[PDB]
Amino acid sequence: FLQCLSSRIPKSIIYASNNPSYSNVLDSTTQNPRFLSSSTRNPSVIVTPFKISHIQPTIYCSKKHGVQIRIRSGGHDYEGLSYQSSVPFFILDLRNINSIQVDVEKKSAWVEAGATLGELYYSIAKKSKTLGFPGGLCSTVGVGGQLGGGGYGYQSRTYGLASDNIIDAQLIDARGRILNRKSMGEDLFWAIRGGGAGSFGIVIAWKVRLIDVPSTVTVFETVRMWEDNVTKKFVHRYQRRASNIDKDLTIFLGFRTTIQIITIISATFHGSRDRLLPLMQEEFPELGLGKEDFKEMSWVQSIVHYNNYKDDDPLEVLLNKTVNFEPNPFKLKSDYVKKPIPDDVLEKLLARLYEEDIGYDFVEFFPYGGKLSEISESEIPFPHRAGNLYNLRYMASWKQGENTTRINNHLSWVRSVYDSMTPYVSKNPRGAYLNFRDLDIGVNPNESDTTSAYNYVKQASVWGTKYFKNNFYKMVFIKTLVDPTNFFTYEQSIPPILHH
């Protein structure tokens, strides 16, 4: 494999195990610290192209020598699939493929896969205070992965997901052909906008629609005690109102221990605080929030704020490539909720936070509705639309270095929490969020360990219909057309219809 690469691409973009910088390049975007001790995080080579023509030979060498491709842009995949495999593999790391072209007059931008959300937001904000992009929250996330999987954040109720706002793309397929929207066709251009683009090809660049944002947005955040009847009433009404209120207001909810359970309420309102005050006093008067609890800022300042930087920090903090906190290993799972959880079941859920160490486990609510209930189930592969109140996320975290038995304890905790919620969350299929990737919901069999093509597809649909509902089956046909030999494979790759 390595011989084939070195006779075809410059040595300067090739990092093998023997290279002293291999470990830095590997670790630099291993973004879930849980996998820093994974035995499957051992690519034989990391390739870091700096121009497009570097990529086609890596496809050729990968096919000819049986070395599986793992595509990494931001490396934020929550299961670390961009840098692990149980078969011999290499990482095509697109960090240097990162140019951004912003057209303020046409309200559009071309963004290469290795650019981060922070770099995109930075480039927009340097040119206009009133344009934005609803890309998601984390400034270090790569657009290469994010825009292929949905991409949710404080703007999604107002403007849609990141994948709801894509108008062209450049993609390299398994034959090494570099295609745009016109030459890839509408089916494949549909599939990559939220279907997990790495099942179909290597996205080189996305063309996005820029959104009009108000020159003033308003944020607020407060921490309350859960053992407080006003907090409980607010949360009771939150379940019923968060997805139905004014689409300009998005409110997140989080719970952790600190010994009591605290409730974190955080929000962004796409408007001034004079507009926000009557809305909050009509929807949640029990919060008692005054004029001075709302802080006005620009759209990009609100992104800086919610990435744990100072409100008045220079925009350059958006260009940093690692999070502004030291991260703990973690395992998250998520569910979709269509009916309010009963009061006493919510109490039983939150009490499970007492079972592990203080402040290390979390339950979080991300509301749907708004624009997300206006878009059909099949507009793009992302299917989680009207009828969903919120996505409910469960997470356990621990410190780097805990022994195996304690990690298993943490994994078992969050899995049992998930199992306990089966009666109260979506079913048939039990929905799951691709960008909250969870291997526990099902993985592919080894294609050689199936008994038929139908068998391969049906097994894969276990996880497939959870992420995509029946968009999964349209994606199976598209996969069959554009990658019939299954060059792009991994634990949750869309399967082709195998010929024999």
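Sequential numbering from 1, following the sequence displayed.
In the deposited sequence, the stretch from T258 to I259 hides 10 or more residues that have no coordinates. For the pair 143-151 and 335-343, the mean B factor over Cα atoms is greater in 335-343. Remark: stretch with higher mean C-alpha B factor among 284-292 and 177-185 is 284-292. Note on the listed residues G80, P367, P278, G198: the highest Cα temperature factor in the record is that of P278. When the C-alpha B-factors of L353, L372, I124, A162 are read from the PDB record, the largest value belongs to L353. When all modelled residues of the chain are sorted by CA temperature factor, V223 is found within the highest third. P88: CA B factor in the middle third of modelled residues in this chain (values from the PDB entry). Ranked by Cα temperature factor within the chain, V213 sits in the middle third according to the deposited record.
Ranked against the other modelled residues of its chain, the C-alpha B-factor of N446 as given in the entry falls in the highest third. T116 sits in the lowest third of its chain by CA B factor, as recorded in the PDB entry.
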